[PDB]
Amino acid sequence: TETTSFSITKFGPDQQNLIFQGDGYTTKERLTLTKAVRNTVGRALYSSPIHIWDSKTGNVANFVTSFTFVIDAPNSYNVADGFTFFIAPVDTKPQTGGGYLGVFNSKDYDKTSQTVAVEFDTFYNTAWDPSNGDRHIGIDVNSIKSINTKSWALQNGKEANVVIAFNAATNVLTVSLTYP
């Protein structure tokens, strides 16, 4: 049996147990993935690799993560691109920016990506997002094109609490976002 667990309630200026990529850095005891500026990417990864499944036993891990985040846009119409929680190879590096959320490169299923992300998408990219143009929560596996989506109404500058859980026995990934 293997477990990895951690919690960070307040981010310090030098949070050495995280790998920062792009413009991600910590400030005012928050992890700032992007500032309100055009064309940026910011990522932050937990430093330890996590053992999610094992080929010699075939067992697969359960996991739970919860975090609070804020999207702070000028007005609730001028806002893009969104935020992701992702699971990727140990060597992951920023991929395409903009509507691909720094995590994928195509709307075409790419088996070499081997990353799944839960996105909180604020900008409608016509080529792959739900036709209705809404903001949404979606589950992505190997492409920016979600396998499934739920419309979500952004509350600008409001903190959202999210829990994401995966249970190996049922292979069910559960996403929950609440604005309190």
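We number the residues from 1 along the sequence you see.
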{"property": "Segment of higher mean CA temperature factor, 129-137 or 60-68", "result": "129-137"}
{"property": "Given 25-33 and 45-53, the range whose Cα B-factors average higher in the PDB entry", "result": "25-33"}
{"property": "Largest Cα B-factor, entry values, listed residues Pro89, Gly82, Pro94, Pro74", "result": "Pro74"}
{"property": "Assigned third (lowest, middle, highest) for the C-alpha B factor of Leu154", "result": "highest"}
